[PDB]
């Protein structure tokens, strides 16, 4: 066992069936720092945990989620599974929000130890409220066991309903 592994979070679907949240990723323009054909954005949005985005470039690997309008965001969900991805499994992630690429501010820094499922990241501001922002940037700063490229199998973003 790996006693200090990151506990798996709740299945986002359970959250959705409560009718209290709305997934709003479809409202954003998504871009990636790098990818491999057939292993990119679509594979982070297809509701399929068997497919994945695989980067092909220098760290940090970035997922940019940009809205046209100021948008209220409450929770970011990322699926990562160490048993399946080994060195492609992120180990250090920075979540940043802001008006644009040049005014981003880190709001959460996550250390992941052999994750096995969904990672829930609250996106609240300095007043504990859901942030309202134009952009979210997810940065993979390092992967497990000297991994150059990363894998993520799904990403969801929820706004309060």
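Positions refer to the first chain, counted from 1.
Student: If you take the mean CA temperature factor per stretch, which one wins between 50-58 and 66-74?
Tutor: Stretch with the greater average CA B-factor: 66-74.
Student: Looking only at CA atoms, which has the higher mean B factor in the entry: 5-13 or 140-148?
Tutor: Between 140-148 and 5-13, it is 5-13 that shows the higher mean C-alpha B-factor.
Student: Could you say which of 30, 118, 39, 101 has its CA atom at the highest B factor, as listed in the PDB entry?
Tutor: Largest recorded C-alpha B-factor: 101.
Student: By the recorded C-alpha temperature factor, relative to the other modelled residues in its chain, which third is residue 97 in?
Tutor: Its C-alpha B-factor belongs to the middle third of this chain's values.
Student: How does residue 155 rank on Cα B-factor within its chain, lowest, middle or highest third?
Tutor: As the PDB entry reports it, the C-alpha B-factor of residue 155 lands in the lowest third of its chain.
Student: Select lowest, middle or highest to describe the third in which the CA B-factor of residue 106 falls within its chain in this entry.
Tutor: It falls in the middle third of the chain.
Student: Comparing residue 123 with the other modelled residues of its chain, is its CA B-factor in the lowest, middle or highest third?
Tutor: Highest third.
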